[PDB]
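Enquirer: Got a structure for you, questions after.
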Amino acid sequence: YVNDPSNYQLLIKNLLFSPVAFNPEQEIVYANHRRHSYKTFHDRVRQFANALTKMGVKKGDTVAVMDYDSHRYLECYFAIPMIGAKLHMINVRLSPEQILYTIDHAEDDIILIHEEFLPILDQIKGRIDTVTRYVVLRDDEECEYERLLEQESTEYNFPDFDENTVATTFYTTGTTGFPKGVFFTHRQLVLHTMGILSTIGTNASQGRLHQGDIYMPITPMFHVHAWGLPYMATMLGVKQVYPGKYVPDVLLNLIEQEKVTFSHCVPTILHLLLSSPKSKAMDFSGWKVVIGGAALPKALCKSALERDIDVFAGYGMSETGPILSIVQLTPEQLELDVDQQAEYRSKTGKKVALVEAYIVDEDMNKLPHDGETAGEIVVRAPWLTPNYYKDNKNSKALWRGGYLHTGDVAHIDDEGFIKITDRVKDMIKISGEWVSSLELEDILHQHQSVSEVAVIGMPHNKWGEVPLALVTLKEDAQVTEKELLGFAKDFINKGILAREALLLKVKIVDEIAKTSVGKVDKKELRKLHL
Amino acid sequence: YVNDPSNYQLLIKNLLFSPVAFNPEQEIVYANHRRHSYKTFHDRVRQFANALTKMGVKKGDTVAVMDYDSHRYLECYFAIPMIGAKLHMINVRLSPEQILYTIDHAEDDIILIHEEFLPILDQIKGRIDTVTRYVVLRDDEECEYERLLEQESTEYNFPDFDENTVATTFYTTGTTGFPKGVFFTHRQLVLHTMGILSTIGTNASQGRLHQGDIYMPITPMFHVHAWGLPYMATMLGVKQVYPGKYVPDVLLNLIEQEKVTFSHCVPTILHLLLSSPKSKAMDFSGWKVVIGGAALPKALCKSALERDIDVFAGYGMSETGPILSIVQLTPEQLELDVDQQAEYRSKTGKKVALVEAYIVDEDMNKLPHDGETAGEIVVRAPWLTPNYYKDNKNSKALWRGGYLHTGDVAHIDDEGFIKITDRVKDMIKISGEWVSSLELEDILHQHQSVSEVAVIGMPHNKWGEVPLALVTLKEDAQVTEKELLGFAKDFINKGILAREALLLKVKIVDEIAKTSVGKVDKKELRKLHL
Amino acid sequence: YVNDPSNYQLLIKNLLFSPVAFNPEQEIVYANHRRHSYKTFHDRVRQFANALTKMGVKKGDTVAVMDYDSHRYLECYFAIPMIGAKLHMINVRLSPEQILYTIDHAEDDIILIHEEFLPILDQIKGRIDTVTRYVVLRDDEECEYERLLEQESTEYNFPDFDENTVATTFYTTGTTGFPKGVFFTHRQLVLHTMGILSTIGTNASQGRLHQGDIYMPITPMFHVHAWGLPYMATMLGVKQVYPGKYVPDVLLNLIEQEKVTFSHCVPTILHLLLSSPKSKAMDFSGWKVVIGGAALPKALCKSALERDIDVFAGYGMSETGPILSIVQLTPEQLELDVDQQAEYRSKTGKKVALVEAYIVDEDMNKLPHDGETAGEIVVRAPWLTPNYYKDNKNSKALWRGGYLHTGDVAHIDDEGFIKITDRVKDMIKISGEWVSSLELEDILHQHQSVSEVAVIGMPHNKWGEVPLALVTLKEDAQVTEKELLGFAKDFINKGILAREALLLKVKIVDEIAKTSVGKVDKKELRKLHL
Ligand SMILES: CCCCCCCCCC(=O)OP(=O)(O)OC[C@H]1O[C@@H](n2cnc3c(N)ncnc32)[C@H](O)[C@@H]1O
Ligand SMILES: CCCCCCCCCC(=O)OP(=O)(O)OC[C@H]1O[C@@H](n2cnc3c(N)ncnc32)[C@H](O)[C@@H]1O
Ligand SMILES: [C][C][C][C][C][C][C][C][C]/C([O])=O/P([O])(=O)O[C][C]1O[C](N2[C]=NC3=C2N=[C]N=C3[N])[C]([O])[C]1[O]
Ligand SMILES: [Mg+2]
Ligand SMILES: [Mg+2]
Ligand SMILES: [Mg+2]
C-alpha cells in the first residue's frame, strides 16, 4: 500500500490506539471467568495478530467466529480487521444448513468456534471443505485461542491500508430465501463509532454513553457488530463486562456486582430480566438500557421506568451499521409523567448524526412528515452496506432510487420522531387504503384468551387484500372466530368498512410458523392460506 | 461529479442538514442586533448560496470574509463551502500589507468585508486587482449582505462533490517571513467535528459540550474556524450567541442575559473578562470556558475556578484543525483541591480522539513519555493540512519524517497529559542541555518591578548558547542587571553551572518587539543582539 | 461492441448460420410430438430471440431451462446465447434444495420449465424471488413457449459481441458441499465443436459422426451441453431426433422408425436399452453409440458388440467442455476378436484434438505413460472452465499448478489409451502403495450373492489406510464377512500383504448412501465408519 502520511486513513487501529480516553488499568471483564486490564487487552490484541499471521492469515482473508459475548470476541473485533482480514460473524442461532451456507459463501479460512457450538459444526463439518483450521474456544485454561495467544509476543506493527478495506461481514436472514451477506469497511465502522458517539453522549442528561459508564452488552456480538457498541465502549476506554452465554440470573448478578450502567438488548431480553425473581431486590437506578432490534412495547417501557431504568429505543438493521435512529429526550420531555415518557421512549427514534431519513411511497416521492402518513424508510448514511455480497439483483433492489431501502413502513412526526408501523412485505393492500398488520395484531393481542396474533392478508376480489388473522389461544380456553371478531370491533379507526368485521375473517391456528431467528415467518404462513 | 449514492461523501452540508439534533425554533443570536431561529438560519444559508450563485461564484472559487463573530460569519461557514467554493478567513488583526499578501495569494473572487474594516481595505484596495466584487457588511438594515440575501429564494439544491474538495483556507503568520496558507477539506472539517464531539461531551461531568449548552465564541471566527466550535454547536443544534466586536462589558452582558454556558477564548480575553468591574456581581457557576491559543497561567485558572468557572485548557494550531488535545479530568481529579485542579486544568491536555501525538528529538526518535523529558510534538490526525498552499520547502519541512511538526516542545507524563514548555525556535542550546526560554521568562516574571520578560539566547564560545534575557520594568522603578540576576538565582533547578548567573546576562530594554498578532517577535529581537 | 469486420469472433451464431452443411428440408424431430425442417428451426430460433427481447432479456441476462431433450431445448442452445444472454441448464435430477441453490446463485431472470417439473418448482418457488417470469413448457398446443414464439416474426439480426462472452452455465454436484457453477463462452463452445468434429468423423471407418448420420441424444441436455453433441449435429446439418422424457420402449421405437445411427448415453441407459424385451427383434447394425459419464463395463460393451452396435467410450466432465478423450480404433484394432475389441472400446480413450492430457502425482511431476503407473489426470484444452462461478478457493484448487485437475486417477499406456482407475478422493493410502477402491469393488462384485460394493477405507495405525469394504447382498441369501474375505482372496495382484485379507474387513450394510444424481456418496459413508 502506498501510505501517504498526510493522507489519513480511517482505520479500526485508530479506534484502538487513538481512543477518546485510555486508562491502562481499566478492566475488561468476561463474566466470572476472566479479568484483565486495557493494557493486557492491547497486548492480547497484538498477540492475536501475531498468531493470525503465524496461522497464515493474510490481508483479505476471512476469519469466522462462533462464540458468545466474551473478551475473545472483542479481541476479534480489533485484531482480525486490524491486520487487513475480514471478520465473519456467524449467527449461531441460525439453522446448521444456513450456517453452512454462510460459511461456504464467505469462504472463511479460519473458524474460531466455541466448544458449545461443536455439535452445530459436526453436522456441517464434512460439507465445508473451505476452512483450513478450526480453533476451539473454551472458558477455561484449555482454550485453544488462549494457547495460541500465549505462544506469541505482545509486539505487532499493524499495517496501513485503504480505509475502504472490508473489515467485517455477516449474513442477515430476511426474506430472500438465502442469507444475504453485508459487509462494512474500516472507514464505515470508524464513522459509525464517531457519529453515534456524537449523537449519544452529547445528550444533556438522558441516554448518555460517556467515559464514566460501565458497559455490558446483552446483544449478541454476531448481531451487526453488537450494534457497534463494543467499538464505542473501547473508544471511550470504559470498563467492559462481557456475560458470555445469556442467563438472566448471571446477567443480573453481573449488573449488580460490576455496577453496570449502560447496556443494550432486544425487548424480549429486557422482559426476561425484569420478570426474573431476583430482579425485584436489585437496584436499577443507575442502569441505562437501549432497546433495539424490535419495537419496544409501551407496557414494557413503563415497567422498566417504574424500576428507575433509563430505557429508550433505537433502530437499525444489518445493512445500516446498524444504528440509524436513537430516542433522545429533550429536558421538557423528561419532566413528563411516566406514561408520556414511556410513549416517547418507545418511539423508533430521531435519526442519528449524518443520517438522511425519508419516508417514501412505492414511487419514492418523499411523503410529508406527519404523524399519520406512513411510508417506507429510505436512508443515506456513512455506514451503509453498498450491496449484498456476491449478489446483484437483491443489491439493486436494496439501493433502488439512490437510497437504501429499509423495508420498514413508518411515520415521522413534525419534531422528527420516527414510529415504525410494520414491514413493507406485511402491507395489507385494501384498495388504496393500505393498513399495517401489526396494528391489527396488537388490537387482537389484548383479548382475554389470546396468545399470539399473526395477521397475514390474502387476495380479495373486491378490495384486493383483506386482513386474514391467525390467533393462538390459551390451553383449553377455546375462543371462536365470532367472539374474536366481536372483540376486535368497536376499536379506534378502521379500514374502508365499519370496523372491518366483514374482512378480518379470523382463523384459529394451532401454531404460527417462525424463522430460525424467532420472528414470525409470514411467507410460510401464506403457503397455508393462499 | 459522478455521485454514487452508496459512496457517502463527508460534506459540510451533512453537518448542516443531518445534525445530531435540530430544533427549528432554537435561536441564533448576534449580540443585541439580530435574533432568528434555526429554520431561518437554514433559509438564510440557502439564500446566501443563491446569491453567491447569482454573483458568479462557482465551485473552486474563493470567497473572502473580513467580519466579526456574527451570524453572517456562520452563514459563511456553511454556505460558501457547501456550494463548492473555498472560504478564505482573513485575519483582520494582521497588518494591511500582510492582509494584501494573503488576498493576492489566495486569489479571492469575492470579499465580504465589514464596514469597520473599510479603512484597512482602502490602504490595499488599489493593489488587489483580483477581487471582482466587494460586499460591505453592516450591523443595521443597510447591510449589503442582507440586501443580497433578501433578493434570493429560500430554496437551494446543494451539490454533491468529492469530500476532498477544499472548503476553508486561511493564513498563519508564524516565522516564515510571509503568511503561510493552510487549507482544509470537507472531509477534514466533518471528521474534526465528529472526533472532538466524541472527545468532549462524552466526558462524565466536567468540560462537556452537549445539546443543552448555550454557545458563545470569544475566539475570532477567522482563527482556525474559530477552533471548529461553530460547526460543532450547529451540529448539536444548540443556541448560539455571537458577540460581534469584542467588548468585555458586552461579552459579560451577553453571558448573563443569554445564559451562556459554553465559550472559548485565549487566556488574555479570560483575564480581561475576570478583571472587568461588572464581572464581580455576575454568576459564573454555569459557564464553561476552554482556553486555547496560549498557555493558561495557573494563577488565572485558579482565579477562574474561584468564580466557579469550569475552565480547562486545549491545544492546537492553524495547521492541525486546530484541536489536537483537550484537558479532560477524571472524577478522581475533580475531587482535588483548587490548587491541584488549577494545576491539572492548565496542562496542554490529553490528545483528542483519532490523534497520534509523540514527542521526538531532532532525529525523530520518539522520546519516552516521562513528565520531564521534553521534545517536539509531532502529530497525525484526520484534520491536518497536507501542505502549505502554493509552497514546497516549508511544506516539506512541515511533514518531515511522516509526521506534522508542530514546532512546540513539550513533555507528556505517564497518564498522557501534555505540557508545552516552549517553541522549537526558542530552544536554548547550552551544550547538550537544552533549556526552555519560557521557564526562565516565568522565573524572571515574578520580580518586584518586572513588566515583561523575553529570553532570547545568543551564541557563546564555550556553551554554544547562553540565555540572554530582556526585561522591561515599571515606570521610574528602575532595576539594575545585578539585582535581576540575584533575584533569578537560588530558584529550583538550573543549567550546567550553579544557577546560571554567569550566563543569564540580563539586559534592560525599553520595549520588546512584537508581531502584528501580539506575540513576542524573537526574530526581530535577535537582530538587536546578534 | 466495437465490431471490427476483419476481427472474426467465434460465436454460436456462426455455428448456426455458417454450418458444415445446411439442408433446409432436413428434419428436426421431437419424438412423436413435433416435426419441422431446418428452415423452420432457424425461423423458430429467430422467433425465440424476438420473444426473449420482448420479455426484456438483454445481453448478460441469465435464462434458465428445466426441460427434457426436445426441440425447445435445442432452440434454447442457440437463441439464448446468440442474443448475448447466458443459458443456465438446470439439472432437474438434483434435489429441490440444490435446484433452488443453483437458481439463486446464477440469478436467473427467466425460467423455462416443463409442466412435469412444476411440482419441483412449487417446493422452492417462494424462496426464489429473483425470477421475473416463468414460461411453462408443454408437449401440446397449450405450451406457453410455442405461444410466445407464435407472436414473433421470423426475422432477427443477431448481434456481434466478444467471443469471450459467457454463453452457457450449469452446476455440477461433485463433493464440495454445494453445487459449483461452471461456465463456457461462445469461443469455447465453437472450439469444442470444431475440435471434436475434427477428432471424430475424421476416423477411417469406426466411430464416425458425419453428415449422413441421424442424431438422437440419450444424454440429458442439461448435462454439459448434452456433451456438446447437439451443437455438432446442428453444425453438420444432420437429422436430429429428440426423445423427450427417457422411456426404453420410446427410445427403441425412435431408433427403429427414425433410422437413428448416432447416439450417446451413460452405460446404465445402454444397459436398459439392451435389456428391454423389444430390443431383441430390433436391428442395431447401423447404430453407433458413444458411452460417457461413467466407466463402460467390458461385459456391457461385449453384449452391445454382439448386437452389431458400434459402441465406444468417451470421457469428460462438467468443467472440461466436457469431451477430453474418445475411443478411436485403428484398422488393425478393428480386425481383433470381440473380446479384444470390447477391451479396447471400454478404455477411457485417447485425448481429443487440442487437448493436453497428463497423469501427475500430488506434486504434479508428470508420471510416465506406462500401462500400470496411475496418477491424477490434469488437462489443458480450449474449452475448459477458467474457474467456478463466484468461487475462489475451489477455483484455485481446480487450476492448481497451471493445469485443470480432473480428480480422476488413471494410467495412460504407450500408445495413448487412458484408463481411469478411480477418483482422487477414493484413493486408499496404504503406506506408499496407493490402491484404487474401484478395482476391489469390481473384484467383490463377482461374488455369488453380492449386489453392490462400496470400498471406503478408514485410517489404520500401521498402514495409514486399509480398504474397508461395504457389501449389499441378495434378499435372504445372507453371506458372512469371512466368506466374502475368502472369495476376495487368491485374486490377481494385492497390496503390501498376501491378498489383503487382514485389511479388507468387509462389513455387510443394509444400504449404501447415494447422491441425488445416483453415484455412491462415500463422504456420507465415511460418517458411519470414521
Ligand atoms: C476545544 C479546544 C480548543 C483549543 C484549540 C486552540 C487552538 C489555537 C490555535 C492557534 O492559536 O493557532 P496559531 O497557529 O495562531 O498558534 C499555534 C501555536 O499556539 C501555541 N499554543 C496553542 N495552544 C496552546 C496551549 N494550550 N498551550 C500552550 N501553547 C499553545 C503553540 O505554540 C502553537 O504552535
Ligand atoms: C463423444 C464423447 C462423449 C464423452 C463425454 C462424457 C462427459 C460426461 C461428463 C460427466 O458425466 O460429468 P460430471 O461432472 O457429472 O462427471 C464427471 C466425472 O465422471 C467420471 N467419468 C466421466 N466419463 C468417464 C469414463 N468414460 N470413464 C470413467 N469415468 C468417467 C469421472 O469421474 C469424471 O470426473
Ligand atoms: C444505540 C441504538 C441501538 C439500536 C440499533 C438496533 C439495530 C438492530 C438490528 C437488527 O435487529 O437487525 P436485523 O436482524 O436485520 O433486523 C432489522 C429489522 O428489525 C426491525 N427493527 C429494528 N429495530 C427496530 C425494529 N422495529 C421496530 N422498532 C425498532 N426500534 C426492523 O424491521 C428492521 O428492518
Ligand atoms: Mg435487515
Ligand atoms: Mg501555527
Ligand atoms: Mg465434474
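To be explicit about the labels: the chains of the C-alpha cells are called A, B, and onward in the order shown, and within each one the residues are counted from 1, while ligands get numbers from 1 in the order they are shown.
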For chain A, list the residues within 7 Å of chain B, counting only C-alpha atoms, and write the list as a VMD selection string.
Expert: chain A and resid 5 to 6 8 14 to 15 18 to 20 194 to 195 197 to 199 201 to 204 209 to 212 352 to 356 381 to 382 386 402 to 403
Enquirer: Apply DSSP to the structure's backbone, then extract all residues of region 202-328 of chain B labelled helix (DSSP H, G or I) and return them as a PyMOL selection string.
Expert: chain B and resi 224-227+229-236+248-257+267-275+277-279+298-305+318-320
Enquirer: Could you tell me which of C:304, C:216, C:502, C:238 comes closest to residue 270 (chain C) if we count only C-alpha atoms?
Expert: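 Among C:304, C:216, C:502, C:238, it is C:304 that comes nearest to residue 270 (chain C).
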Enquirer: Need to verify the contact set: residue 376 (chain A), 6 Å, only C-alpha atoms, exclusion of same-chain residues closer than 4 positions in sequence. Can you return it as a list in words?
Expert: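 Contacts, in chain order: residues 359, 360, 408 and 409 of chain A.
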Enquirer: How would you write, as a PyMOL selection string, the set of residues no farther than 8 Å from ligand 6 when counting only C-alpha atoms and all ligand atoms?
Expert: chain C and resi 172-174+316-319+406
Enquirer: How many Å separate CA of residue 496 (chain A) from CA of residue 442 (chain A)?
Expert: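 Interatomic distance, CA of residue 496 (chain A) to CA of residue 442 (chain A): 19.4 Å.
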Enquirer: To one decimal in Å, tell me the separation between CA of residue 167 (chain C) and CA of residue 125 (chain C).
Expert: 25.3 Å
Enquirer: Please provide the set of residues having any atom within 9 Å of residue 108 (chain A), restricted to only C-alpha atoms, with same-chain residues fewer than 2 positions apart removed, written as a PDB file with N, CA and C atoms, in the first residue's frame.
Expert:
ATOM      1  N   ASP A  61      -8.070 -12.155   3.782  1.00  0.00           N
ATOM      2  CA  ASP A  61      -8.608 -13.431   4.226  1.00  0.00           C
ATOM      3  C   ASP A  61      -9.804 -13.213   5.148  1.00  0.00           C
ATOM      4  N   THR A  62     -10.611 -14.259   5.292  1.00  0.00           N
ATOM      5  CA  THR A  62     -11.810 -14.221   6.117  1.00  0.00           C
ATOM      6  C   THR A  62     -11.626 -15.149   7.308  1.00  0.00           C
ATOM      7  N   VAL A  63     -11.803 -14.609   8.510  1.00  0.00           N
ATOM      8  CA  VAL A  63     -11.737 -15.378   9.747  1.00  0.00           C
ATOM      9  C   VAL A  63     -13.123 -15.367  10.374  1.00  0.00           C
ATOM     10  N   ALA A  64     -13.685 -16.551  10.580  1.00  0.00           N
ATOM     11  CA  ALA A  64     -15.027 -16.697  11.124  1.00  0.00           C
ATOM     12  C   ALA A  64     -14.968 -16.949  12.625  1.00  0.00           C
ATOM     13  N   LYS A  86     -10.874 -10.050   6.964  1.00  0.00           N
ATOM     14  CA  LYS A  86     -12.304  -9.817   7.115  1.00  0.00           C
ATOM     15  C   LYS A  86     -12.829 -10.662   8.268  1.00  0.00           C
ATOM     16  N   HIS A  88     -15.758 -12.463   9.898  1.00  0.00           N
ATOM     17  CA  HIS A  88     -17.079 -13.008   9.603  1.00  0.00           C
ATOM     18  C   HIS A  88     -17.729 -13.430  10.914  1.00  0.00           C
ATOM     19  N   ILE A 103     -20.951 -19.966   5.728  1.00  0.00           N
ATOM     20  CA  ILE A 103     -19.528 -20.290   5.760  1.00  0.00           C
ATOM     21  C   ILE A 103     -19.002 -20.517   4.349  1.00  0.00           C
ATOM     22  N   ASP A 104     -19.746 -21.269   3.537  1.00  0.00           N
ATOM     23  CA  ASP A 104     -19.317 -21.523   2.166  1.00  0.00           C
ATOM     24  C   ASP A 104     -19.328 -20.245   1.332  1.00  0.00           C
ATOM     25  N   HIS A 105     -20.355 -19.412   1.509  1.00  0.00           N
ATOM     26  CA  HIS A 105     -20.474 -18.180   0.735  1.00  0.00           C
ATOM     27  C   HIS A 105     -19.353 -17.203   1.069  1.00  0.00           C
ATOM     28  N   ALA A 106     -19.050 -17.029   2.356  1.00  0.00           N
ATOM     29  CA  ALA A 106     -17.986 -16.112   2.748  1.00  0.00           C
ATOM     30  C   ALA A 106     -16.602 -16.702   2.523  1.00  0.00           C
ATOM     31  N   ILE A 110     -10.265 -19.431   8.523  1.00  0.00           N
ATOM     32  CA  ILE A 110     -10.127 -19.881   9.901  1.00  0.00           C
ATOM     33  C   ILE A 110     -11.459 -19.671  10.606  1.00  0.00           C
ATOM     34  N   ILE A 111     -11.865 -20.653  11.406  1.00  0.00           N
ATOM     35  CA  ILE A 111     -13.085 -20.570  12.198  1.00  0.00           C
ATOM     36  C   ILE A 111     -12.718 -20.681  13.670  1.00  0.00           C
ATOM     37  N   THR A 130     -13.657 -25.654   2.999  1.00  0.00           N
ATOM     38  CA  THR A 130     -13.002 -24.393   2.673  1.00  0.00           C
ATOM     39  C   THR A 130     -12.212 -23.840   3.853  1.00  0.00           C
ATOM     40  N   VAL A 131     -12.408 -24.397   5.044  1.00  0.00           N
ATOM     41  CA  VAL A 131     -11.727 -23.911   6.237  1.00  0.00           C
ATOM     42  C   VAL A 131     -10.507 -24.781   6.505  1.00  0.00           C
ATOM     43  N   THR A 132      -9.348 -24.143   6.648  1.00  0.00           N
ATOM     44  CA  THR A 132      -8.096 -24.864   6.836  1.00  0.00           C
ATOM     45  C   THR A 132      -7.810 -25.200   8.293  1.00  0.00           C
TER      46      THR A 132
END
Enquirer: Residues of region 20-249 of chain A in strand (DSSP E or B) according to DSSP, as an NGL selection string?
Expert: :A and (27-30 or 34-37 or 62-66 or 69 or 86-89 or 110-114 or 133-137 or 166-172 or 180-185 or 214-217 or 239-242 or 244)
Enquirer: At most 8 Å is the cut-off: for each residue in chain C with any atom that close to an atom of ligand 2, write down the nearest atom pair and the distance in Å rounded to one decimal, counting only C-alpha atoms and all ligand atoms, chain first then increasing number, as a tab-separated table.
Expert:
residue	atom	partner	partner_atom_place_in_ligand_line	distance
C:172	CA	ligand 2	14 (O)	5.7
C:173	CA	ligand 2	15 (O)	7.3
C:174	CA	ligand 2	14 (O)	6.8
C:196	CA	ligand 2	1 (C)	7.6
C:200	CA	ligand 2	1 (C)	8.0
C:223	CA	ligand 2	10 (C)	7.0
C:224	CA	ligand 2	9 (C)	6.5
C:227	CA	ligand 2	5 (C)	5.6
C:229	CA	ligand 2	1 (C)	7.3
C:264	CA	ligand 2	3 (C)	7.1
C:266	CA	ligand 2	11 (O)	8.0
C:290	CA	ligand 2	1 (C)	5.9
C:291	CA	ligand 2	4 (C)	6.3
C:292	CA	ligand 2	6 (C)	3.9
C:293	CA	ligand 2	11 (O)	3.4
C:294	CA	ligand 2	30 (C)	3.9
C:295	CA	ligand 2	27 (N)	3.5
C:296	CA	ligand 2	27 (N)	6.4
C:313	CA	ligand 2	26 (N)	5.6
C:314	CA	ligand 2	4 (C)	3.7
C:315	CA	ligand 2	23 (N)	3.8
C:316	CA	ligand 2	7 (C)	3.7
C:317	CA	ligand 2	12 (O)	3.6
C:318	CA	ligand 2	14 (O)	4.2
C:319	CA	ligand 2	14 (O)	6.7
C:322	CA	ligand 2	7 (C)	5.0
C:323	CA	ligand 2	5 (C)	4.6
C:324	CA	ligand 2	5 (C)	7.0
C:325	CA	ligand 2	2 (C)	6.9
C:326	CA	ligand 2	2 (C)	5.4
C:346	CA	ligand 2	26 (N)	8.0
C:347	CA	ligand 2	26 (N)	7.3
C:348	CA	ligand 2	26 (N)	4.8
C:349	CA	ligand 2	26 (N)	7.4
C:406	CA	ligand 2	34 (O)	5.7
C:407	CA	ligand 2	34 (O)	6.0
C:408	CA	ligand 2	32 (O)	5.5
C:419	CA	ligand 2	27 (N)	7.6
C:420	CA	ligand 2	28 (C)	5.6
C:421	CA	ligand 2	28 (C)	7.8
C:422	CA	ligand 2	32 (O)	7.1
C:423	CA	ligand 2	32 (O)	6.0
Enquirer: Just to confirm, what's the straight-line distance from CA of residue 280 (chain A) to CA of residue 233 (chain A) in Å (one decimal)?
Expert: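 CA of residue 233 (chain A) lies at a distance of 28.2 Å from CA of residue 280 (chain A).
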Enquirer: If we count only C-alpha atoms and set the cut-off at 6 Å, which residues sit around residue 241 (chain A), ignoring sequence neighbours fewer than 4 positions away in its own chain? Please answer as a ChimeraX atom specification.
Expert: /A:29-30,215-216
Enquirer: If we count only C-alpha atoms, what is near region 33-45 of chain C at a cut-off of 10 Å, once residues fewer than 3 positions away on the same chain are taken out, given as a PDB file with C-alpha atoms, in the first residue's frame?
Expert:
ATOM      1  CA  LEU C  16     -25.948 -21.980 -36.668  1.00  0.00           C
ATOM      2  CA  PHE C  17     -25.788 -19.787 -39.790  1.00  0.00           C
ATOM      3  CA  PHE C  22     -27.223 -26.951 -44.235  1.00  0.00           C
ATOM      4  CA  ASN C  23     -30.157 -28.770 -45.804  1.00  0.00           C
ATOM      5  CA  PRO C  24     -33.257 -26.567 -45.342  1.00  0.00           C
ATOM      6  CA  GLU C  25     -35.505 -29.626 -45.767  1.00  0.00           C
ATOM      7  CA  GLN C  26     -33.687 -31.722 -43.157  1.00  0.00           C
ATOM      8  CA  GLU C  27     -35.977 -32.600 -40.264  1.00  0.00           C
ATOM      9  CA  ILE C  28     -35.796 -31.840 -36.555  1.00  0.00           C
ATOM     10  CA  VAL C  29     -37.888 -34.488 -34.797  1.00  0.00           C
ATOM     11  CA  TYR C  30     -39.176 -34.248 -31.220  1.00  0.00           C
ATOM     12  CA  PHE C  48     -37.443 -17.145 -29.776  1.00  0.00           C
ATOM     13  CA  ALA C  49     -34.831 -14.385 -29.942  1.00  0.00           C
ATOM     14  CA  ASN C  50     -37.591 -11.865 -30.680  1.00  0.00           C
ATOM     15  CA  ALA C  51     -39.678 -13.207 -27.788  1.00  0.00           C
ATOM     16  CA  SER C  70     -36.638 -31.556 -27.052  1.00  0.00           C
ATOM     17  CA  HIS C  71     -36.607 -29.173 -29.986  1.00  0.00           C
ATOM     18  CA  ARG C  72     -37.295 -26.410 -27.458  1.00  0.00           C
ATOM     19  CA  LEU C  74     -32.071 -27.011 -28.925  1.00  0.00           C
ATOM     20  CA  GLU C  75     -33.761 -23.711 -29.774  1.00  0.00           C
ATOM     21  CA  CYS C  76     -32.560 -22.599 -26.338  1.00  0.00           C
ATOM     22  CA  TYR C  77     -28.926 -23.721 -27.082  1.00  0.00           C
ATOM     23  CA  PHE C  78     -28.834 -21.330 -29.917  1.00  0.00           C
ATOM     24  CA  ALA C  79     -31.193 -18.487 -29.292  1.00  0.00           C
ATOM     25  CA  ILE C  80     -30.378 -17.735 -25.726  1.00  0.00           C
ATOM     26  CA  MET C  82     -26.933 -15.951 -29.660  1.00  0.00           C
ATOM     27  CA  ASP C 139     -45.812 -31.181 -25.357  1.00  0.00           C
ATOM     28  CA  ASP C 140     -49.101 -29.946 -26.859  1.00  0.00           C
ATOM     29  CA  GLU C 146     -44.984 -22.074 -28.502  1.00  0.00           C
ATOM     30  CA  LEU C 149     -42.911 -17.901 -30.424  1.00  0.00           C
ATOM     31  CA  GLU C 150     -46.117 -17.553 -32.461  1.00  0.00           C
ATOM     32  CA  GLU C 152     -42.963 -13.026 -33.004  1.00  0.00           C
ATOM     33  CA  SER C 153     -41.627 -12.533 -36.514  1.00  0.00           C
ATOM     34  CA  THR C 154     -39.111 -14.880 -38.128  1.00  0.00           C
ATOM     35  CA  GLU C 155     -36.588 -12.071 -38.754  1.00  0.00           C
ATOM     36  CA  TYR C 156     -33.835 -11.166 -36.295  1.00  0.00           C
ATOM     37  CA  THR C 234     -26.684 -28.890 -35.950  1.00  0.00           C
ATOM     38  CA  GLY C 237     -26.984 -30.307 -40.618  1.00  0.00           C
ATOM     39  CA  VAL C 238     -27.954 -33.896 -39.842  1.00  0.00           C
ATOM     40  CA  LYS C 239     -31.423 -35.151 -38.989  1.00  0.00           C
ATOM     41  CA  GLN C 240     -31.909 -34.714 -35.241  1.00  0.00           C
ATOM     42  CA  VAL C 241     -34.363 -36.794 -33.205  1.00  0.00           C
ATOM     43  CA  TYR C 242     -35.170 -35.667 -29.666  1.00  0.00           C
ATOM     44  CA  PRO C 243     -36.886 -38.277 -27.459  1.00  0.00           C
ATOM     45  CA  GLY C 244     -38.148 -36.123 -24.602  1.00  0.00           C
TER      46      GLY C 244
END
Enquirer: Leaving out residue 59 (chain C) and any residue of its chain fewer than 4 positions from it, which residues lie within 7 Å of it when counting only C-alpha atoms, given as an mmCIF file with N, CA, C and O atoms, in the first residue's frame?
Expert:
data_model
loop_
_atom_site.group_PDB
_atom_site.id
_atom_site.type_symbol
_atom_site.label_atom_id
_atom_site.label_comp_id
_atom_site.auth_asym_id
_atom_site.auth_seq_id
_atom_site.Cartn_x
_atom_site.Cartn_y
_atom_site.Cartn_z
ATOM 1 N N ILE C 83 -28.202 -14.220 -28.468
ATOM 2 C CA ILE C 83 -28.583 -12.838 -28.181
ATOM 3 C C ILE C 83 -27.741 -12.220 -27.080
ATOM 4 O O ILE C 83 -28.044 -11.105 -26.635
ATOM 5 N N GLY C 84 -26.690 -12.900 -26.632
ATOM 6 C CA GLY C 84 -25.834 -12.389 -25.586
ATOM 7 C C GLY C 84 -26.218 -12.790 -24.181
ATOM 8 O O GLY C 84 -25.520 -12.410 -23.233
ATOM 9 N N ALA C 85 -27.300 -13.541 -24.012
ATOM 10 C CA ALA C 85 -27.713 -13.983 -22.691
ATOM 11 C C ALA C 85 -27.011 -15.286 -22.318
ATOM 12 O O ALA C 85 -26.475 -16.003 -23.167
#
Enquirer: Which of these residues is nearest to ligand 3, using only C-alpha atoms and all ligand atoms: A:467, A:228, A:277, A:81?
Expert: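 Among A:467, A:228, A:277, A:81, it is A:228 that comes nearest to ligand 3.
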